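Below sits a lone chain in structure tokens, taken as the form solved without the partner chain.
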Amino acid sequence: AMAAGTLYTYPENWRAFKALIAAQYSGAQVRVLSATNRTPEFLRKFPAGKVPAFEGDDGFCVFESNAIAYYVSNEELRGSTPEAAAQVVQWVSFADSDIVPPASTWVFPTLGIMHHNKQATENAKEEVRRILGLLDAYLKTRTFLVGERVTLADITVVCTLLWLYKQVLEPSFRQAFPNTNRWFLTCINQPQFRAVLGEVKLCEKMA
């Protein structure tokens, strides 16, 4: 059977999105409860005091958005062979190490989460172009990142790119990456994705 339990998080959290989308595919039953992340009981279950955090109905506890998404996934989203599973870890790790930092820097001043810094965002723009370009060459001949089907790899990389595409990747900026754009559009228009993300509108005019 698949997992069933409670996911502690604030909504509008892209890290939580990864697990929720994954559960749409797997049929895991995941109840979302807001966050308390400093009370002894919470720290008892989730020592690091981070959200998202997952408690199974059988009492199993896990934290880190990657581990939670892994847990409520099925074998196909995880990678049904050791090669495919290693490629999943590969893209997940690349999203964390290479995409999250410049993505934050750029999209944060447009969502009010960080203050504007013109040159900081110009620097971030460049690093984002390199990442979009890398994905573009890779996806030139591929439907998805790993094998022939959506995996955690796509889910993870899409969610990490989600706010960029909504807020700042305006037409002229993204036009150099038609393959990345198509792959992104193909993912977010899946029922499983729309179920969590709703109807995503690609950026119109660089915010």
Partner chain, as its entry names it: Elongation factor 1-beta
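Positions refer to the first chain, counted from 1. Superpose the two forms; the largest set of C-alphas matching within 1.5 Å is the rigid core.
Engineer: Please classify the coordinate gap between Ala35 and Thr36 in terms of deposited residues: none, 1 to 3, 4 to 9, or 10 or more.
Structural biologist: Some 4 to 9 residues are missing between them.
Engineer: For the C-alpha atoms alone, is the average B factor greater in 177-185 or in 44-52, going by the entry?
Structural biologist: Comparing 44-52 with 177-185, the higher mean C-alpha B-factor belongs to 44-52.
Engineer: Taking the recorded C-alpha temperature factors, which stretch has the higher mean, 71-79 or 115-123?
Structural biologist: Higher of the two, by average CA B-factor, is 115-123.
Engineer: Pick out which of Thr151, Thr160, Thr39, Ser65 has the highest C-alpha B-factor in the PDB entry.
Structural biologist: Spelled out: the listed residue with the top C-alpha B-factor is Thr39.
Engineer: Of the options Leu139, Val30, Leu164, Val146, which has the highest CA B factor as deposited?
Structural biologist: In the PDB entry, the greatest C-alpha B-factor among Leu139, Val30, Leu164, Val146 is found at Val30.
Engineer: Relative to the other modelled residues in the chain, which third contains the C-alpha temperature factor of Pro101: lowest, middle or highest?
Structural biologist: Middle third by C-alpha B-factor.
Engineer: Among the chain's modelled residues, which third holds the C-alpha B-factor of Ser26?
Structural biologist: Tercile = middle for this residue's CA B-factor.
Engineer: Compare the C-alpha B factor of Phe17 with those of the other modelled residues in its chain, then answer lowest, middle or highest third.
Structural biologist: Ranked within chain, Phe17 CA B lands in the middle tercile.
Below, we refer to the form solved in complex with the partner chain, which is not included among the displayed structures.
Engineer: Can you work out whether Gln24 and the partner chain are in contact in the deposited complex, taking contact to mean some heavy atom pair no more than 4.5 Å apart?
Structural biologist: Because no heavy atom of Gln24 falls inside 4.5 Å of the partner chain in the deposited complex, the answer is no.
Engineer: So in the deposited complex, does any heavy atom of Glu41 sit within 4.5 Å of the partner chain?
Structural biologist: So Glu41 does not count as contacting the partner chain.
Engineer: Can you check whether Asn179 is within 4.5 Å of the partner chain in the deposited complex, heavy atom basis?
Structural biologist: Yes, contact at 4.5 Å.
Engineer: When the contact criterion is heavy atoms within 4.5 Å, does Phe144 count as touching the partner chain in the deposited complex?
Structural biologist: So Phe144 counts as contacting the partner chain.
Engineer: Run the contact test on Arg149, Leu185 and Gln190 with a 4.5 Å heavy atom cut-off to the partner chain in the deposited complex and return yes or no.
Structural biologist: All three within 4.5 Å in the deposited complex.
Engineer: Among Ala120, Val100, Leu134, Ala84, whose C-alpha is off by 2 Å or more between this form and the one not shown on a rigid-core fit?
Structural biologist: Meeting the 2 Å or more criterion is only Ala120.
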